[PDB]
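Q: so I've got this experimental structure, pasted below with the sequence.
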Amino acid sequence: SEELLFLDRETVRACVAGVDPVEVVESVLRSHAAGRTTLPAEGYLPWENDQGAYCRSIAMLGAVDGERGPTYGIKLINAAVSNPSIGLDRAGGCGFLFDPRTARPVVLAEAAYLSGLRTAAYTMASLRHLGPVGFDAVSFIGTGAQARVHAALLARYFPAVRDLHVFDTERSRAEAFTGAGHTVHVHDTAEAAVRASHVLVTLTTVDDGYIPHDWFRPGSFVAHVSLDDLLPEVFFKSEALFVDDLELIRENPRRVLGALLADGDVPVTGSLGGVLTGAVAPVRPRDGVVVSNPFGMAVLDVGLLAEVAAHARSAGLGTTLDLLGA
Amino acid sequence: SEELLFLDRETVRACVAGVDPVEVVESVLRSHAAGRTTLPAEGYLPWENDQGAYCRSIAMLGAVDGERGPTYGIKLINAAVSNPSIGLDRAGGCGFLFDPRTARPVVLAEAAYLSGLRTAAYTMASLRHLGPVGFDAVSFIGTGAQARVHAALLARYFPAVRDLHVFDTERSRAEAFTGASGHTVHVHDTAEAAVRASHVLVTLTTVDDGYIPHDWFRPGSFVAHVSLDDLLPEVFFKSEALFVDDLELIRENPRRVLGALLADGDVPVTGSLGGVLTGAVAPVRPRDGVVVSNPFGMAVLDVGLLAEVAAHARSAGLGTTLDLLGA
Ligand SMILES: NC(=O)c1ccc[n+]([C@@H]2O[C@H](COP(=O)([O-])OP(=O)(O)OC[C@H]3O[C@@H](n4cnc5c(N)ncnc54)[C@H](O)[C@@H]3O)[C@@H](O)[C@H]2O)c1
């Protein structure tokens, strides 16, 4: 017999709520730092749809020789730039886990939600080890899906956070944002949002940089999720600069940090992985801004899908698909 | 909502019986010869299970801007060496098609049988244009999953084939092999005896080292080199003709003998089967020597067939609808 455990988005939600996604991110980062992950070359299939818009499929294979035991899988994310014009999320797709003995795909999960959850989980990990201690306010620029999942994980992992300071170039999206026990303060300008707290998360789809060093308080932190908001000078004047994977960043020079690396020396303190193993000393904000620039590692999604499937099995959630069908 | 049409193995089987898979392959090969496909580098994740057996996942993307509109998809095929030991087929996996407009996966299928079907359909195309005319016997080295699907298509496309000459290292597998109802199976005791018994060979093993010399082949012989490492280098060099699926694909995989030989120096490559179908190269049928067919395997053929199978399943009302969100 040949069976798939199919986990829909709502099942994956319920599994995430029942595990510690931040603990999982920390465990995979420590495995990655010790050379116990395999990240092969990605499958990339670009094309142009009937509209004339950029479409792609990205196939991201991943293995984690983890503390618990070995995990193997794939993250398949497809995107069309024209999707939001017709009322769809830009990206969608699916993840599989493989049986370590047979190599068979045994788990199939909707992946777009889990992808956003992983990004948010990494932010919480970064804040725990590199952020100010006891911060009670977080600032967002961009207030869509990614802001909602960030707010949810703030309630789980940072209960001192009572106030969210938000700005969105789409005013109506900002005024609709509620959070997850949070009071929301709408700001008229990005600057006013940044100045209102010690912790910024950028969640835009911007190509052009606009955030200077001067906006940040002494003793500040920025999670650079959207990757093109910060001006070159923020990186060079940073009290510290932490990445997820320096090679991933160098391989994507279309994002500002990758571009700066190509121009010469950039003061990268180290990786979040290296902090967690004790390879690099942690630097928390004191006199300046600490910058976190993660590109996003597929091994984290594979690791999170492994923990989600383990919870799904133990609580008997999901639906088993017969691949043969007699 | 975000919905998947799901096609299990036996549904794929049912659809294939009602379309022309060799015609689909031929169309996609002409689309690819014209440069109206996209065949990215295949993703590769290797590892070693606790038994110390070689394991792998292969993610193979493909696009076809062909004679049935633009089609996009992927084929995920995973294998463990140790699977036949514990009583499982060597290879298993799944395939997707993506919406041309939104890029969303809209079809999910079991793929190991589809993969076998595509391979056998390429063999049938190669024999039709490059094989002897009127052959009534075919030889197989290896009687696994590929051998069963090859037998089924021989019944559809070359009904004058009444005799199958087989050899397998596990004689128990060779004794269990029946082919289709129109076939008499002759079991031979060595590889050599199977080869010499006819003018048409299909190698369907898992070897990584060559063992077949030129001397075994009758004058006016054909070989479909599906297992890709059976033929010794001299077979290529002495060949009456040599046809490939895609030369650059082969060049980039020197793990397989023809890739190794091309890196080393000159090899007398006649052209591609795609080239024959478009008229870019002349066909050469066997006469005095052995015509060699060496296809590495192209994901665009899987994507092409899965689109034809999905279209048929809709009009037939087969397959089940899955919801990816769940509400
Ligand atoms: N060209 C392509 O596109 C393509 C695609 C799929 C399959 N293949 C290749 O074909 C093979 C898969 O065949 P399958 O799926 O039927 O595999 P399988 O494991 O089901 O069967 C292989 C059979 O070969 C036999 N065998 C192995 N070594 C042998 C030897 N030296 N002599 C004789 N018999 C031998 C085994 O006993 C077994 O019955 C692999 O090499 C696979 O990669 C090629």
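A: Nice, thanks for sending it over. Numbers count the residues shown, from 1 in each chain, chains lettered A, B, ... in the order given.

Q: which phi and psi does residue A:119 have?
A: Per-residue torsions, residue A:119: phi -50, psi -50 (degrees, to the nearest 10).

Q: separation between it and residue A:230?
A: Residue A:119 sits 17 Å away from residue A:230, going by Cβ to Cβ, to the nearest Å. The C-beta positions use only the backbone N, C-alpha and C, and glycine is treated the same way.

Q: counting neighbours, go ahead and name the busier of these two.
A: Neighbours were counted for residue A:119 and for residue A:230 using other Cβ atoms under 10 Å in any protein chain shown; residue A:230 has more, 25 against 22.

Q: tell me the phi and psi of that one?
A: Per-residue torsions, residue A:230: phi -80, psi 140 (degrees, to the nearest 10).

Q: how about the CA coordinates for stretch A:147-161, as CSV?
A: What follows is stretch A:147-161, C-alpha atoms only, in CSV (Å, rounded to 0.1, in the frame of the first residue of the first chain):
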residue,chain,number,x,y,z
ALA,A,147,1.8,41.2,10.6
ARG,A,148,-1.1,39.0,11.9
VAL,A,149,1.1,35.9,12.4
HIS,A,150,3.9,38.1,14.0
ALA,A,151,1.2,39.5,16.5
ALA,A,152,0.0,36.0,17.4
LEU,A,153,3.6,34.8,18.1
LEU,A,154,4.2,38.0,20.2
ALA,A,155,1.3,36.9,22.5
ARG,A,156,2.8,33.4,22.9
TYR,A,157,6.5,34.3,23.5
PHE,A,158,6.6,38.0,24.6
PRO,A,159,3.6,38.8,26.9
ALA,A,160,5.3,42.1,28.1
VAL,A,161,4.4,43.4,24.6
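
Q: what residues sit buried inside that stretch?
A: If you call a residue buried by 16 or more other Cβ atoms under 10 Å in any protein chain shown, then stretch A:147-161 has these buried ones: A:147, A:149-154, A:157-158, A:161.

Q: closest to chain B among these?
A: Of all these, residue A:149 has the smallest distance to chain B: 15.7 Å, by Cβ to the nearest Cβ.

Q: name the residues of the stretch 101-250 of chain A found near chain B, please.
A: By Cβ under 8 Å from any Cβ of the partner chain, the residues of the stretch 101-250 of chain A that approach chain B are A:101-105, A:108, A:110.

Q: quick one: secondary structure of residue A:200?
A: strand (DSSP: H, G, I helix; E, B strand; the rest coil).

Q: repeat for residue A:221
A: Residue A:221 - assigned by three-state DSSP - is strand.

Q: which ones are touching it?
A: Counting by Cβ atoms under 8 Å, 6 or more residues apart in numbering or on different chains, residue A:221 touches A:127, A:130-132, A:135, A:198-200, A:285, A:289-290, A:292.

Q: out of the residues of the stretch 101-250 of chain A next to chain B, name the ones that lie in helices.
A: Using DSSP state H, the subset of those located in helices is empty.

Q: show me where the stretch 51-200 of chain A has strands.
A: Secondary structure of the stretch 51-200 of chain A (DSSP state E, counting those that start in this stretch): strands at A:54-65, A:70-80, A:91-98, A:105-110, A:137-141, A:163-167, A:183-186, A:199-202.

Q: CSV for the ones you listed, including mean neighbour count?
A: Formatted as CSV, the strands of the stretch 51-200 of chain A follow (neighbours: other Cβ atoms under 10 Å in any protein chain shown):
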stretch, mean neighbour count
strand A:54-65, 23
strand A:70-80, 24
strand A:91-98, 25
strand A:105-110, 24
strand A:137-141, 25
strand A:163-167, 22
strand A:183-186, 15
strand A:199-202, 25
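
Q: so for residue A:312, which of those sits nearest?
A: Residue A:312 lies closest, by Cβ to Cβ, to one member of the strands of the stretch 51-200 of chain A: strand A:105-110, at 8.1 Å.

Q: listing partners with orientation, what would you give for that closest one?
A: According to DSSP bridges, strand A:105-110 has the following sheet partners: strand A:3-7 (parallel), strand A:91-98 (antiparallel).

Q: so which of those is nearest the ligand?
A: strand A:91-98 (17.6 Å; Cβ to the nearest ligand atom).

Q: distance of residue A:76 relative to residue A:101?
A: Distance from residue A:76 to residue A:101, by Cβ to Cβ: 23 Å.

Q: before we move on, what about residue A:310?
A: 17 Å.

Q: residues in contact with the closest residue to residue A:202 other than its chain neighbours?
A: Nearest residue to residue A:202 in three dimensions, chain neighbours excluded: residue A:229, at 4.0 Å (Cβ to Cβ, 6 or more residues apart in numbering or on different chains). By Cβ under 8 Å, 6+ apart, residue A:229 lies in contact with A:141, A:202, A:204, A:206, A:209-211.

Q: of these, which is the most crowded?
A: That'd be residue A:141 among those, by other Cβ under 10 Å, with 26 neighbours.

Q: got the contact list for it?
A: Residues near residue A:141 by Cβ under 8 Å, 6+ apart: A:166-168, A:190, A:193-194, A:200-204, A:226, A:229.

Q: for the closest residue to residue A:317 other than its chain neighbours, helix, strand, or coil?
A: Take residue A:317 and drop its neighbours on the chain: the residue closest to it by Cβ to Cβ, 6+ apart is residue A:11, 5.3 Å away. Under the three-state scheme (three-state DSSP), residue A:11 adopts helix.

Q: thinking again about what came up before, same list, the residues of the stretch 101-250 of chain A next to chain B, but as TSV with distance to residue A:83 please.
A: Listed next are these as TSV, based on distance: Cβ to Cβ, whole Å:
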residue	distance to residue A:83
A:101	39
A:102	36
A:103	33
A:104	32
A:105	26
A:108	22
A:110	16
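
Q: no further queries at this time; thank you.
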